[PDB]
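One structure is given below, encoded as structure tokens.
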Amino acid sequence: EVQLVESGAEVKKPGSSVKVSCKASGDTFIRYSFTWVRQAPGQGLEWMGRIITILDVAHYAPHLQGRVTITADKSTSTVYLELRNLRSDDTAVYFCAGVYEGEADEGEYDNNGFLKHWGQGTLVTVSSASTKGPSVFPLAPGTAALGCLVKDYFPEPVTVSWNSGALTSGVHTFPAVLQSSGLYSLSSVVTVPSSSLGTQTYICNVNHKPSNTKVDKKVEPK
Amino acid sequence: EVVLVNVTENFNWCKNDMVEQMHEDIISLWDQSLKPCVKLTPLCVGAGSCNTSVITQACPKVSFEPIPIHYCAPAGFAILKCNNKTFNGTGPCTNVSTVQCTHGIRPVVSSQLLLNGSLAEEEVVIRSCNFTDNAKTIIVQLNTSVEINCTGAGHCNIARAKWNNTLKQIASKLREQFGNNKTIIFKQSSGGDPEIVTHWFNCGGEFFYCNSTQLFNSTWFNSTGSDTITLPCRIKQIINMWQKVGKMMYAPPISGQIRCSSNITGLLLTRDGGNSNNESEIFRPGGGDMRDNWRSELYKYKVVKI
Amino acid sequence: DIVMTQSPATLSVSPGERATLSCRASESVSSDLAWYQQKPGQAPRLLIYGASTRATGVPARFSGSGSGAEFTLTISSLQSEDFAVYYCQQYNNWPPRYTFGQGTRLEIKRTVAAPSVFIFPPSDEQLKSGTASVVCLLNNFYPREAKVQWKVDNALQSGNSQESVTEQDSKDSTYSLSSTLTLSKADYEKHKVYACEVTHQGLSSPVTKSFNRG
Amino acid sequence: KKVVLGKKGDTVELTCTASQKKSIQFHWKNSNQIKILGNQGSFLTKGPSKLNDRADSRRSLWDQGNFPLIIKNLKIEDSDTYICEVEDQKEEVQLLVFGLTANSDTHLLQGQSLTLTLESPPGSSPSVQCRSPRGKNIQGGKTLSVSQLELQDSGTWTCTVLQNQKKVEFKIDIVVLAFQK
Ligand SMILES: *[C@@H]1O[C@H](CO)[C@@H](O)[C@H](O)[C@H]1NC(C)=O
Ligand SMILES: *[C@@H]1O[C@H](CO)[C@@H](O)[C@H](O)[C@H]1NC(C)=O
Ligand SMILES: *[C@@H]1O[C@H](CO)[C@@H](O)[C@H](O)[C@H]1NC(C)=O
Ligand SMILES: *[C@@H]1O[C@H](CO)[C@@H](O)[C@H](O)[C@H]1NC(C)=O
Ligand SMILES: *[C@@H]1O[C@H](CO)[C@@H](O)[C@H](O)[C@H]1NC(C)=O
Ligand SMILES: *[C@@H]1O[C@H](CO)[C@@H](O)[C@H](O)[C@H]1NC(C)=O
Ligand SMILES: *[C@@H]1O[C@H](CO)[C@@H](O)[C@H](O)[C@H]1NC(C)=O
Ligand SMILES: *[C@@H]1O[C@H](CO)[C@@H](O)[C@H](O)[C@H]1NC(C)=O
Ligand SMILES: *[C@@H]1O[C@H](CO)[C@@H](O)[C@H](O)[C@H]1NC(C)=O
Ligand SMILES: *[C@@H]1O[C@H](CO)[C@@H](O)[C@H](O)[C@H]1NC(C)=O
Ligand SMILES: *[C@@H]1O[C@H](CO)[C@@H](O)[C@H](O)[C@H]1NC(C)=O
Ligand SMILES: *[C@@H]1O[C@H](CO)[C@@H](O)[C@H](O)[C@H]1NC(C)=O
């Protein structure tokens, strides 16, 4: 069983190129074929292409032909995807995937088109926007609802916790939306006993790793 | 067609343009029939980095089955045929006629064993373009055919008694050529490409790779078992091209009942040789160059300017 | 080009019951058909290949059938971990131009639960920066479908709000939704009442929450 | 007489060129007429020689009239004269493989000895010259010996072997330990 580990998240300006990698370990490399599949936020899966590792031959989806290249380095058991002339609509999670083809070094080859093994994915954001940390605002309050608005950051993702992880019950952190500005925004809300206000302080912890930003905003009545 | 009287023609089977033309026609007969899913050929013409030409195409499964091919005289030439029942392809032929076309040749692609071919009319015959050269193929023509039954389930069967008797007749002819005081030894292939190390052939459209060690493991005229020989085989999808240097990929089989029974009518062998005061000769199964295969049938023909 | 089409887009099934997922091809793909399962945030998982062969580790309650241009994924008894998105994939053609269906979302079917609606005015800190975001929250409802409308001074708003919805809750099977209205400080101080009107199957009459600016 | 020098354990390439840019029949043999490796049509064959598992060609060059004999993991016993028969011609090449090892893989101390020994094929009578990182030079035949190492001798030594005009280079890493006075 091969384990696929992909490289870190990428942020690119439209028109740039990206090259993402995928280290296969655990089994005999040249006996697998490797496929790249991508998924735009909220969209389905899209087959990009596939390489017959043993032969060093790759085939690509027609809508991609001419600006995509899939390669494999056998000395390092690594598969590479290069996507050129990047467009904003190329923003997606890019998955490395593979399947065992038989005893290929002995000329056996099933040419399997299905995908048994998958990498953890690589987010590639393509945008004219520049990296920046979010502005965090309070959403002040039987049950009471309160939260933090996490607004105007780039790129994804951001992580949100309450009370340094001490409060988790009734927490809803919404998936971000892309604003017309090109910047992301989300809200994290939580419901608590309305009688808890005044004797329990609630603080939202917001972490945006891309901009090395870390914010903790106290949310209060009045 | 018409026998020639008093005409004595000089033949040289190792320099015969019929072999080349047929080799080309059989090559083109393979392209329009058995298409690979992927085809790879080198291209290092430029004085720097190498390049591989890659072709990808639809590769329909085809239950290949060679129809006999005739070589007919091209415009401006005529085919002379030697009628000697045992002709070695070289020297003068006293009994010669002229013919329209050759007899029907089966364009079988195989190594080690010649299948569905012609038998020697009289005794076993062995041929070579240079017996002194240990690197030249030795072509064997049997006078009695030996069945080989192969299945896509992974083996070929050969009757042991028949094969043993055949080997005894090969060994006789060999020491008739290399010395009557010599021990004749058959050994497995010494190495190289799989298509050449195994008995390799195509059957029902598929490429079989059969371990022939059991066929070539005996000593003769030295000192003084199981009903059938079962060779373990393998169908493969990634093949080394015989038409030229390169590789091809085909699709996996779609039939659960691949079967074909052939007649072994000849062999392709190489002799070890090498400076050795040892009074014994080693022979191993060979082939790879299909021109040897065509020569095993065209040795008695010659094309001449009219 | 072989177009794969799955139906329905969303399948709602009560726990422990059978689900049947459909996948069609625009032309025959023989049996070169695979099914994948995907959970939010994770890579897809191979379930079935060759139309009907289970992948290693796939439990027996998953079975695929069909050939040619029509295929089915059957789950005989839905477990908690079975609720996910399911994709089919065709890999019949050569040269290879493999394609996926657009997925069927299989969710947990429960009783109708009306949303609790809350409205947040913009913070002083944000107003201090020059913009005004207003947040309307619909908490813990079922089913997923809901209509949310903004009215400023009883005037229907359009083109200046954005919605976000959570994944189905792993404990009570409900959804939550935020709707955010954004306008500049200048335009925000030009109007009085800010109301979000909410429509949902669990509510008899549309619910309106509001506040008077200041 | 073409002479090629090899290094024990390394790889070597022996060249053979046809007079036409086409793929034709070739075969490599040794002095004893033992078959090493050749082609049959577009396939590689390998003879019953001791080089069998370690010998190869480069088929992507055959169509260009080049038929090399590549030999990996050289052994001293590989030393021999090799003949390339092609289009009725014979390209001959004498190959000599040499080995050169330090007498210990242990880290040495200042003032201790270093002895390098040269492995050589029967018949060859090579000259060896070596140089330490500090410029220390020693020469000899089979065995080169330095009486006392200096700290400055630590690092890569470069040894050159002279045979039939040709030379081959060996690089050998030696460690000489420092200490506190
Ligand atoms: C052929 O040889 C025979 C016998 O020597 C002779 O009688 C004859 O004249 C020659 N030519 C022919 C075909 O008549
Ligand atoms: C020459 O061989 C032919 C067979 O093609 C045979 O009919 C004939 O007997 C031979 N010629 C003679 C008269 O010896
Ligand atoms: C072929 O047979 C002829 C007898 O007609 C003989 O002269 C020749 O030597 C044989 N071939 C060779 C080269 O041994
Ligand atoms: C075949 O040839 C061998 C000698 O090569 C001979 O002993 C045997 O009798 C022949 N068999 C037939 C049927 O001609
Ligand atoms: C036959 O091979 C021998 C041994 O290699 C050699 O003398 C010669 O190349 C060949 N004979 C001729 C003259 O073709
Ligand atoms: C091969 O098959 C034929 C019939 O097609 C049979 O007569 C013969 O005995 C078989 N030979 C074997 C299995 O050795
Ligand atoms: C022929 O083959 C048999 C096995 O069938 C073997 O035992 C025997 O030694 C061979 N006979 C000889 C030496 O001619
Ligand atoms: C064939 O089988 C024998 C053992 O029976 C083995 O020594 C040989 O390597 C095999 N040949 C192959 C794998 O081509
Ligand atoms: C070769 O055959 C002999 C008997 O003929 C047998 O004892 C030996 O084991 C065989 N070796 C191989 C490689 O099959
Ligand atoms: C030999 O001929 C038989 C009978 O016609 C055929 O079925 C078989 O496939 C042939 N063998 C090969 C390798 O073409
Ligand atoms: C093999 O030869 C025998 C004997 O002539 C014949 O009966 C049989 O049909 C042949 N088999 C094939 C497949 O050609
Ligand atoms: C002859 O026997 C010797 C052992 O005495 C062996 O090394 C050599 O390979 C043999 N030679 C031949 C030509 O078979």
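Think of each number as a place in line: the chain as shown, counted from 1.
Recorded method is X-ray crystallography, 2.2 Å.
Using N, Cα and C of the backbone, Cβ positions are placed for all residues, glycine too.
Per Swiss-Prot, disulfide bond is recorded for D:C16-D:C84, D:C130-D:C159, and the stated evidence type is experimental evidence. Here Swiss-Prot flags D:1-100 as domain 'Ig-like V-type'. Among the features that Swiss-Prot reports, domain 'Ig-like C2-type 1' is placed at D:101-178.
For the pair D:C130 (disulfide bond) and D:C16 (disulfide bond), the C-alpha distance works out to 33 angstrom. D:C159 (disulfide bond) sits 30 Å from D:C16 (disulfide bond), taking the C-alpha atoms as the reference points. Spatially close to D:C84 (disulfide bond) yet at least six residues away along the chain are D:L14, D:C16, D:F26, D:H27, D:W28, D:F67, D:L69, D:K90, D:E91, D:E92, D:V93, judged by Cβ distances under 8 angstroms. Within 10 Å of the C-beta atom of D:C159 (disulfide bond) sit 20 other C-beta atoms, taking all shown protein chains into account. Reduced to three states, the DSSP call for D:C130 (disulfide bond) is strand. Other C-beta atoms found within 10 angstroms of the C-beta of D:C130 (disulfide bond) number 21, with every protein chain shown included.
Its Cβ taken as reference, D:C16 (disulfide bond) is surrounded by 23 other Cβ atoms within 10 Å in the chains shown.
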